[PDB]
Amino acid sequence: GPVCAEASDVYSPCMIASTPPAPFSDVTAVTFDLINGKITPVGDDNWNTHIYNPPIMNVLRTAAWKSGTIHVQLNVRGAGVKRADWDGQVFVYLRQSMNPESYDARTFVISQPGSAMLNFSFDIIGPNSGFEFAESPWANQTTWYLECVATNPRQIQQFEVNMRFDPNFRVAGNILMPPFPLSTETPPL
Amino acid sequence: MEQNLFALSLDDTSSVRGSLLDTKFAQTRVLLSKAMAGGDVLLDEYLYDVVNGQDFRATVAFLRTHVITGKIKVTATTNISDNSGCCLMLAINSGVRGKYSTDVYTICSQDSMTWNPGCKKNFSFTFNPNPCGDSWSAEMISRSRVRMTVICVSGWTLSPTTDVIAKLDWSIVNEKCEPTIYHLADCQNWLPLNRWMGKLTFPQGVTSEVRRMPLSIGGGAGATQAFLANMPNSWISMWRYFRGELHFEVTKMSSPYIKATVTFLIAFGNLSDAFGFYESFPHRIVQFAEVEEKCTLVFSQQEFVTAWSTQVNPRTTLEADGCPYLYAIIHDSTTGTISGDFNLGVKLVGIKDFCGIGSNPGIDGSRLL
Amino acid sequence: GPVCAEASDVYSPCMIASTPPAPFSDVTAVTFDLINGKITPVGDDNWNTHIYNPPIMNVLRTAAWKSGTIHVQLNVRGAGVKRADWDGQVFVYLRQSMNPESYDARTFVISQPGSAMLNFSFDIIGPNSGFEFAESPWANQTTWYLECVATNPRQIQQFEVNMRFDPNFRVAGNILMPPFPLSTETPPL
Amino acid sequence: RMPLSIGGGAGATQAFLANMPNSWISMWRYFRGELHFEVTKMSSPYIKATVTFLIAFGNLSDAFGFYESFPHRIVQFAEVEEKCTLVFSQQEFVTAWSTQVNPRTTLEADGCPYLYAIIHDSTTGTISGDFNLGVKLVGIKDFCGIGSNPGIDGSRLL
Amino acid sequence: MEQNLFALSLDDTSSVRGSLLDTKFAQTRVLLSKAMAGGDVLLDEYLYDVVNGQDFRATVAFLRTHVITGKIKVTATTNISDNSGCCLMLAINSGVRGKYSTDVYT
Amino acid sequence: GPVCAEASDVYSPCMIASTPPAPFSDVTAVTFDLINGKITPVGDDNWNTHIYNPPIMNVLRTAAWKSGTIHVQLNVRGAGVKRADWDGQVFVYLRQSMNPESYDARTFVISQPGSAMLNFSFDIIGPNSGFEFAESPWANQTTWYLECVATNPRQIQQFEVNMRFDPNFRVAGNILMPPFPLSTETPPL
Amino acid sequence: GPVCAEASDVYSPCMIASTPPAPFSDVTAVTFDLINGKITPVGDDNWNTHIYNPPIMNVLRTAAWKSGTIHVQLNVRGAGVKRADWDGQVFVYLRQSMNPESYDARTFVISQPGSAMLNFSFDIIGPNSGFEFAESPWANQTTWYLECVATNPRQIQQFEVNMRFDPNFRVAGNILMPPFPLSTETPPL
């Protein structure tokens, strides 16, 4: 299929993580808390990370109760490697908790030279009235985590998480947050 | 004595209205040199600036009313002896960008008023500076950069002994504002174009003159290794082929002393200037009385057998142009006891029962206007 | 999916930019002002550029107020490189302003040898009556920019921007423009 | 001068503060509607002043002498009064405006409307104190959100 | 297009009227020192001069209407804390002559 | 088609099998009993295998009679191999019985470097009332097997079987099962 | 997407062109007159070409006035080249005239080793009554040209143009043509 399927809508860039600098080279992973807006590498940080303040990201961080669908698009940017030497792979895991007892809600497995895009949606539905308060101790509520595994941090450079609310999204209640640091989008050059 | 000030009518949110005396906000003086020439830009500036040193009854109201609902009315005053004439044009466009063209063709697409001081002693028209809606405001037209340009479309046939001055009067009237939005429907019953077809100039003499204006109006007006276009002309270019009832406006831009009888008809590019039987085709015969300056030609759908190309390759020779042309021919001869050419202005006002056929991939450039 | 999805409609070529000649080789980018018709490389010009005059491009440049959907197709033509040595990547950013404070409206990330096609649509919707005047100081209106990053100007040769109006497009008002230079389509050979 | 392009949040030191409702309206690129404000008299009743509220653009000067040539309201509080409600109808705005403007946008270049609070006469009192008013946009009636806002980081100072 | 200008409503001979917003022609600032005393003339000038640097909605109409038929309305705004007070007076007289008295009585 | 088609829903990880360790290198295969939850390599085991206990897997193992559609997604994770040396291929066979006389119900053939995803659905429909009891001697009922052939166990590392019930799934009757061993999801690192 | 999208209908082979024989190796192009059935290489012929006589091709060549949609499928067959050395690219241009002043109606850009398929449709709509007479001097009517650029004639071997009428196709009037030479389909071996 040389012909490209038409993309549309406005998906704003929420959070981005870049792999540990050379000579680091073990398989490494970073996990995004899609709802509370938190990035967490596996301990071997120097996974340089960023959280932006697009509208969607501020609603997600101040809205107490949420109910609706979120449309995500993972952009994977890679180092400049001769295609013939490419061996990188990204393993993606969408889950509701990081305890090992929890199972994945969805799993993707991509592997293509340089760049790749992955699109999927998921939807927040809770006990309050189809509303869910991310990890409230209340009905033992939960959040949505996106774990990404870079199989070769020297070839796969960074993961960019783009999100967009479906029109059916609804929100209720406010959360007292500390001030949000300015976080202007790191340019491409 | 003491009152509840919150209750008073200080929050009066209504549009300006009243007699023409109370409803006037500015006046403008435009100078017509005794040697103006045609192309001559007489005044060109943002509409808003027109309200500058003004101190008339509605000046403050014009500036302080948040939502104005009526139309702007411009009245021009000026007049010359019956042995002279010329053609002026006041135009309004939503914006300008760069070292823009101020040619008749380029400026007359949106809202214009065009007259001949030798035939009319004043001329007025109303316009809505906000084509998308039904209201505007001084702040809006200011920040959005609405332009007001006045040009000499054709100069004096015989110069007045002194420089002349035209006085513009700007008032707000109680007509309703209406949008003039363009859309992509293949069939529309009225597509306003205001596309300038050209200035026909006929020299005085026993000679035979034929003028050919192409109806394949896509692209724009030709220029030196460039072309000029405007929104309406660009819009109709979206269509590959087109057809409809064409409406033209012919203006007598010369002094009323220069006389000629022109005959208009639709025919193909290959007739010769010497063809002696143009009146064997369906045609109209135009003659202007001293005081007359405008004429309207309507070519019905029965004058065209099929649709034609919106645009033809620029290098298309007359003998090979397979699309129709509007022809302007001199029936007898141009005369006058004064020297001067007989100048006519021609404009395709719009098309009734417009029909656009297919998507036009496009052709770069356009024949000369 | 060897089977190709059927493409259709008429999309006319609007503007094209070619990367700096050899031996230039740093990551470089050019940004298209999709609505006003302006191309702007990042300073290391000799990004040879062109703007064409297809109908759509003349409507876009003379129409004061616009409202509707625009369908775009980015064609990426590359230098002749052994597939095995290909390392090029194009990063695409659709945004409403070039100030660093503004966030992207949509972001694409492609990377494929030689040639690639990207299709997306976006729609103009403003304050006038769903009408928008590109960058009018009026309601602090805006325009639509398409920033393209060529990661290896020696492998990625040029970017071709093809556009098409959706049937719902509407326009109002005219803009006095200077004459448009003839700009016949540079042939493929 | 209070800006009506309320997107983002309240400015802070190299940061900004936001809350769910403000973040929500930021989803829209442009907006419009009938605005409802609540003005609270936060100072002692001994400090008196007459304020006049109106809608105008950022470029009028503090010295502009003809603010009352615009449609406006005049507010004065009796001893025991502490609240006032301003309603600016749709007829005070000719088109919609941007939900948010670039932070570095100068007053002279801000093309969106502002709520203006002006002192009609002078602030007085036989006691020392400033005349303090609290102002809150309660809600918008006949709200209209237009287009998706890609977003701008940060907000002018509150 | 061409009109009979003599016929237009340019000779509108009517008095000024409308909302209070459209019907306002001038504003004046009078300064009450914190030590004014009673007898103190705060502002004294010809009524007409009140319309000087004014640029309100009815300023031009006030000046250019040959026969005004309505009354002039003056509104004064000022207020002090409830433990103070004083008494101000705004007065209108058809004329003055000489080194006139400006006493309340007069 | 650089543009990715949006995935959605919750598919939980059911069973996973990893190829024999080095230096093993013959073509090898493992077959999943999708319905009873059993993994069976071809004899040259040390195909390290696992069965998880997500909800769907416990319903499948205790529900006596089943009727409905099952949506599957095969994730294939590979060893880290230079793309240029990749020669691996996976051959997938969905069948109702392993007797050689039975023919395949569906056959897939994939071959792409590193990782690959395969999606297909199939539906259980039996003699009881559109209900089927997996391999009940009763109407000579049957089950659903997924045979996967790794053509190069040194390049293709593991097969992950993800499943999801279609909303039309129905179940009836219970099966007395022995206790289910805890089987927490082996992490990606 | 390993899974292939189902193709259907009968598309019959209309005209085929093969690149200049070795050692020719410059970028070369051939242009098909899709409607009148004419092939024209760029001067460096020995672009061995053929026009077949399937039903659609005879209707196209004798039908005076046409109105309707034509569905095309470009098959690109390549020389036998190690994938790793592949550098070929095909640039496709659909236009209504070959004058340089005319702009393209649609442009495709493909680049894949060996073989590739491109599908697109376009539709004939003229001035007669939605009917168009290919290049009649009449309303300055036009035809439909398909220009194909082989970037490496040694890797890209031939272009095969397959067409099919949409059910909405209509035709009127006849054109006196000279006899049509038998032109049996050159076999694949």
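Order of writing sets the labels: A, B, C, D, E, F and G. Residues in every chain begin at 1.
Following the convention adopted for this analysis, a residue touches a chain if its C-beta (ideal position, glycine included) is under 8 Å from a C-beta of that chain, and two chains touch if they have at least 3 such contacts.
One of A-C, C-G or F-G repeats the interface of A-G: more than half of the contact pairs, counted by residue number, are shared by F-G.
Between the chains B-C lie more C-beta contact pairs than between any other two chains. The distance from the centre of chain A to the centre of chain E, with each centre set as the mean of the Cα atoms, comes to 68 Å. Taking the mean of the C-alpha atoms as each chain's centre, chain C and chain E sit 62 Å apart.
For the pair chain B and chain G, the distance between mean C-alpha positions equals 46 Å.
Contact of a single residue of chain A with at least two other chains is seen at positions 1-7, 9-10, 12, 52-54, 83-84, 113, 117, 184-185. Among the residues of chain D, those in touch with two or more other chains are 50, 66, 68-69, 71-72, 74, 76, 95, 111, 148, 150-151, 153-154. Chain pairs that touch one another are A-C, A-D, A-F, A-G, B-C, B-D, B-E, B-G, C-D, C-F, C-G, D-E, F-G.
Residues of chain A touching chain G in their complex: 1-3, 84.
Of all the residues in chain G, the ones that touch chain A in their complex are 1, 5, 84, 108, 110, 112, 116-120.
Per the touch definition, chain A reaches chain D in the complex via residues 9-10, 12, 52-56, 58-59, 62-64, 165, 171, 173-175, 177, 179-185.
Contact residues of chain D toward chain B in the complex are 50, 55, 57, 66, 68-76, 84, 89, 91-95, 111.
Partner chain G is touched in their complex by these residues of chain C: 1-13, 52-54, 75-78, 80-84, 112-117, 160, 162, 184-185, 187-189.
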